[PDB]
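In order, the protein sequence lines correspond to chains A and A'. A prime marks a further copy of an entry chain.
Counting with the authors' numbering, you get residues 4 to 474 for the letters of the first sequence.
Counting with the authors' numbering, you get residues 4 to 474 for the letters of the second sequence.
Below is one structure, written out as structure tokens; the observations come after it.
Protein chains: 2
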Amino acid sequence: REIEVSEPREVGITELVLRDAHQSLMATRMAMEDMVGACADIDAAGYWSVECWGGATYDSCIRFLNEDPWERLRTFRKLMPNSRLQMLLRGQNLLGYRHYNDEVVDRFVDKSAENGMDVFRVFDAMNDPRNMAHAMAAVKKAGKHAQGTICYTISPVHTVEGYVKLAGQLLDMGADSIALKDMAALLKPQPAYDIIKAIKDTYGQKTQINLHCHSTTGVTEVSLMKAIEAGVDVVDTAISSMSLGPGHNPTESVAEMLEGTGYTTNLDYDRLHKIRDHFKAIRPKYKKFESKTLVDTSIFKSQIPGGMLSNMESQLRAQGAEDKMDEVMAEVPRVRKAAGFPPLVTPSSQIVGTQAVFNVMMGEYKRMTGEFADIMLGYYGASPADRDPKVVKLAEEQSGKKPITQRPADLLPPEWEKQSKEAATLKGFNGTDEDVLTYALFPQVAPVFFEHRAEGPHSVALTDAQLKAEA
Amino acid sequence: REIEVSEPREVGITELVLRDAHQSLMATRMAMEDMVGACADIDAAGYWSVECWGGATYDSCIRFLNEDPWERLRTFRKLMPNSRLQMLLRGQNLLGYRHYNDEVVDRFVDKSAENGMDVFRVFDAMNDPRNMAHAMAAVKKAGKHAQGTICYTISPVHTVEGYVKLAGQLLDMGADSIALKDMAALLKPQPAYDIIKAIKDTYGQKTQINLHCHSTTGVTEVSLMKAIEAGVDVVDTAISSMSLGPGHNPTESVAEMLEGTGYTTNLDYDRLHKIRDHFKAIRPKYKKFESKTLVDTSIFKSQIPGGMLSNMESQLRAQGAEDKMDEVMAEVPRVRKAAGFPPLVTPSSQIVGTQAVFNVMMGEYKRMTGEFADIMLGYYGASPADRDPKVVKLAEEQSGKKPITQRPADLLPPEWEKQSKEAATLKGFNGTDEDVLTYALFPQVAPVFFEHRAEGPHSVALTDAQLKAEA
Ligand SMILES: [Co+2]
Ligand SMILES: [Co+2]
């Protein structure tokens, strides 16, 4: 019995400590002040890229830290001059709350690249390539690296062949590399090997694939080893003092585990040690935002991500039917199916979760939320599988909207000029496209932020004094 | 490029939640009251064995919980009637502070088996087979399972061939199985595969090997997968709510990661879920005893286990030279070498660590502790490599003891009758061999314990009230 493994080679590593690590472990509340001190070492560690922007950090900066996201980007570009900066961008949704007209996507990408972003990991919650298409083109126009993304999930319609097809569609829209995202740590070892190998066998060894796995279920570092045996080019990790739990596998652990296998990373262990210790000293200040579960494999049976489960709980707590949780968890699968089995990541997870609670309370689709209606009617794009025509009809007969099947942005009219005018009437607006984008992405937060931005970035973390006083 | 892997098969699992998990995560303070509620589910989970005795639990029971270790054993045998109970026994040292005469080993093993112990994992801190020989024979006489142990470590003298030789010596003394112990999580993936495969190739596939790895460095779950590909029969894990950090890899994670690989475990996921939730509800009460580091790979460079490092720190704090820590960490390697490269596990780690601090302060072996002197003079047994003759001489010229090279217990005279007499003069002594053993193993604690035992077992964990009041 034998297993074919890739030839001895160097495996690239993407550090997530500056973005996804704290987004996953301390609600994206990491203050810029607590990160800049590790930039010099991070820049000289030897990482393939440094994820430090995008995701929920834009929202967090303006909503909780009174920090300008564009200033964070500029500072990181300046303190890590020799590194490839990387961000996560939700396609046509950008970092916003809805799909935007193509010109807004163009502006955003152009300004991101202009301010220093090198690698753009573009993804769509439902894996609809059409929603990633324009952002990808904008990234290529800016001469930057376009990383098309495949959100991994487990469902009756997701298969290896299905993932290989998506990889092809991403390569067809000019992807420079393919990212396999596993936000819920659902990727097991064998599937990791099979999917990576199938993509490499189908499109060629030159096809660059970056694997992003969280450690929530505790099985993905083994998946990382299997992905490396299958030939994956780069794997995402988080410095050891900011890893595990709903976060990611440890950078140092992944580097150390390869000794003697023929595979290696070229990270500087001394630099890694300094970055570790830097965050180990700072992490305690964020205890009020930490999660309390290091390993949870329940999703392999329920299909429900811990985050999604908590939300439904709170929704079943604030109403009075905490007794129907076992019923809700049984309803979710049915709602997911009806919606076409979309991956259960934001926002699909909230939409499916909330609708599941309604069906239990008010009754079988008796009342559909505005979001669920939009998903069923195709306003978020195509689903991995065909949506239940019966539930679709009900959505149409309850929202008054006609079902659509083409890229949603095709219906969106130009809005930049409209956004610029409205933004320019806000006290604090600095007249840059960056600020207009801030208003376009977060209309209800931009006002307050522009007004207080002059006060400078803050921190919602405990102070050393508060740490001591508490101890 | 290919890698040979074992044929599809069932992999056995040993659950550590009742012994090593809490010894490693909350200073062995887990109260019997907090464990008995999960016994029924643990007994029906499908584990190959349940480690629930030995190690530091005997000391903890009588020193901190006013609990009779023998009563804990009897209760576990009664609540888990269909399971193979397993314990850790430090050979000729038993669970005590020194080597004992062979008749004490006979008594202990006989009473352990009589009270219900099924599998005895016998080990010696310096991997000297002669110190394991008699316990192993006693285990075989009692008709129980003798698991000879190899303490894994990394040193210039430890090699695959060296481990294969030890495995042979263990099999020659009647071992029913071989345990590979990696208390510091030093076993990387390739070495795990190479050592397991070499033992299987040399002594036959019928040779049973159980792998015990902690997760301290964060690389051992990958090692577990490699060990399984190499053909390991059983791997030790800890239920997910009591895992990771200086503890072990998660039971559920290890079981889930095998899906589709051809390997499988036959654990009942529902029973595992109940055991998880049981301990998740109880673990918060032990926060005052939790460690604060989930992943630490520094040992791959320093050879110093976190626990060993902390101790030296405190010793360098309580004296005034916290400035010489970088010097101490540089001295340890030299002391280890001089001692013959013994694995850095208790008590060798403390002995080497303390001596390292002296050499830095008072000077190069200017003053040797009584323990270090005994190691250098062979009173703990043979070292993996020859000890520095120059340091040996100094030990002899400073302790007045002649160096020995034969099994230390060969010099020990009968002591049972002496132990019985002394023990019988303690208020509370119940006249059983069990109590005499308690006195023989912990002379200075037995008095206090026998006097308060009637008050019943206690807990040093926070009460629900204290948990709430604190929150
Ligand atoms: Co992520
Ligand atoms: Co252990």
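We treat Cβ as the ideally placed atom computed from N, Cα and C, and that holds for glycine.
{"Item": "At the 9 Å Cβ level, is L21 (chain A) part of the contact set with chain A', yes or no?", "Value": "no"}
{"Item": "Is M186 (chain A) near ligand 1, in the sense that its beta carbon is under 8 Å from a heavy atom of that ligand?", "Value": "yes"}
{"Item": "Is any heavy atom in ligand 1 found nearer than 8 Å to the beta carbon of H102 (chain A')?", "Value": "no"}
{"Item": "Can you tell me the Cβ-Cβ gap for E7 (chain A) and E5 (chain A'), rounded? I've got them flagged as a contact below 8 Å.", "Value": "5 Å"}
{"Item": "Could you give the residue range of the alpha helix (DSSP H) that holds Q89 (chain A')?", "Value": "Segment 88-92 is the beta strand (DSSP E) holding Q89 (chain A'); no alpha helix (DSSP H) there."}
{"Item": "Just tell me which of A':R32, A':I16, A':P72 has its CA closest to the CA of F445 (chain A').", "Value": "A':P72"}
{"Item": "Measuring CB atoms only, is the segment 328-335 of chain A touching the segment 62-69 of chain A, in the sense that at least three cross pairs come out at less than 8 Å?", "Value": "no"}
{"Item": "From what residue to what residue does the alpha helix (DSSP H) around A170 (chain A) run?", "Value": "163-175"}
{"Item": "Which value, in whole angstroms, describes the spacing of the CA atoms of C55 (chain A) and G207 (chain A)?", "Value": "30 Å"}
{"Item": "Once you ignore the five residues that flank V238 (chain A') on each side, which residues in its own chain have a CB closer than 6 Å to its CB?", "Value": "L214, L227"}
{"Item": "State yes or no: is the beta carbon of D299 (chain A) nearer than 9 Å to at least one beta carbon in chain A'?", "Value": "yes"}
{"Item": "By the criterion of Cβ-Cβ separation under 8 Å, what are the contact partners of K304 (chain A') in chain A?", "Value": "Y272"}
{"Item": "Compare the C-beta of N252 (chain A') with all C-beta atoms of chain A and state if any pair is closer than 9 Å.", "Value": "yes"}
{"Item": "By DSSP's criteria, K184 (chain A') is part of a beta bridge. Which residues make up the other side?", "Value": "A':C154, A':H215"}
{"Item": "Could you list the residues in the segment 244-268 of chain A with a C-beta less than 7 Å from some C-beta on chain A', going in chain order?", "Value": "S246, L247, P253, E255, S256, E259, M260, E262, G263, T264"}
{"Item": "Just reading off the alpha helix (DSSP H) that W56 (chain A) is part of, what are its end residues?", "Value": "Here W56 (chain A) belongs to no alpha helix (DSSP H); instead the beta strand (DSSP E) covers 52-57."}
{"Item": "In this structure, how does DSSP classify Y103 (chain A') when only helix, strand and coil are distinguished?", "Value": "coil"}
{"Item": "For the 8 Å Cβ check, are there 3 or more pairs between the segment 464-471 of chain A and the segment 72-84 of chain A?", "Value": "no"}
{"Item": "If contact means a Cβ-Cβ distance below 9 Å, which residues of the segment 200-213 of chain A contact chain A'?", "Value": "none"}
{"Item": "Listed from N- to C-terminal order along the chain, which residues in the segment 209-240 of chain A have their beta-carbon within a distance smaller than 7 Å of any beta-carbon of chain A'?", "Value": "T220, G221, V222, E224, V225, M228"}
{"Item": "Tell me whether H251 (chain A) counts as near ligand 3, meaning its Cβ is closer than 8 Å to at least one heavy atom of that ligand.", "Value": "You won't find ligand 3 in this model; what it holds is ligand 1 and ligand 2."}
{"Item": "Under a CB-based cut-off of 9 Å, is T296 (chain A') close to chain A?", "Value": "yes"}
{"Item": "Does any C-beta atom of chain A' lie closer than 9 Å to the C-beta of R4 (chain A)?", "Value": "yes"}
{"Item": "Here's the rule: buried if 16 or more other CB atoms are within 10 angstroms of the residue's CB, otherwise exposed. What is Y100 (chain A')?", "Value": "exposed"}
{"Item": "When you measure from the CB of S218 (chain A') to every non-hydrogen atom of ligand 2, does any distance come out below 8 Å?", "Value": "no"}
{"Item": "Looking at the secondary structure, which residues open and close the beta strand (DSSP E) in which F432 (chain A') lies?", "Value": "Counting along the chain, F432 (chain A') falls outside any beta strand (DSSP E), and DSSP gives it neither H nor E."}
{"Item": "For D127 (chain A'), verify whether its CB is less than 8 Å away from any heavy atom of ligand 2.", "Value": "no"}
{"Item": "Please identify, using Cβ separations under 8 Å, the residues of the segment 155-177 of chain A' that lie next to chain A, in order along the chain.", "Value": "none"}
{"Item": "Within 9 Å (strictly less), CB to CB, does residue 516 (chain A') reach chain A?", "Value": "Coverage of chain A' is limited to positions 4 through 474, which leaves residue 516 (chain A') absent and any answer about it impossible."}
{"Item": "Given 8 Å as the limit, tell me if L183 (chain A) has its C-beta closer than that to any heavy atom belonging to ligand 1.", "Value": "no"}
{"Item": "Is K283 (chain A) close to chain A', meaning its C-beta is less than 9 Å from at least one C-beta of that chain?", "Value": "yes"}
{"Item": "Give the straight-line distance between the Cα atoms of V395 (chain A') and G343 (chain A'), rounded to the nearest whole angstrom.", "Value": "11 Å"}
{"Item": "Are the C-beta atoms of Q358 (chain A) and some chain A' residue less than 9 Å apart?", "Value": "no"}
{"Item": "Rounded to whole angstroms, what's the CA-CA distance from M33 (chain A') to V463 (chain A')? Just pull it up for me.", "Value": "8 Å"}
{"Item": "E400 (chain A) touches chain A' at which residues, Cβ-Cβ below 7 Å?", "Value": "Under the 7 Å cutoff, chain A' gives no residues; its nearest Cβ is about 41 Å from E400 (chain A)."}
{"Item": "Closer than 6 Å by C-beta to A128 (chain A'): which residues in its own chain qualify, once you throw out the five before and the five after it? Chain order, please.", "Value": "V348, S351"}
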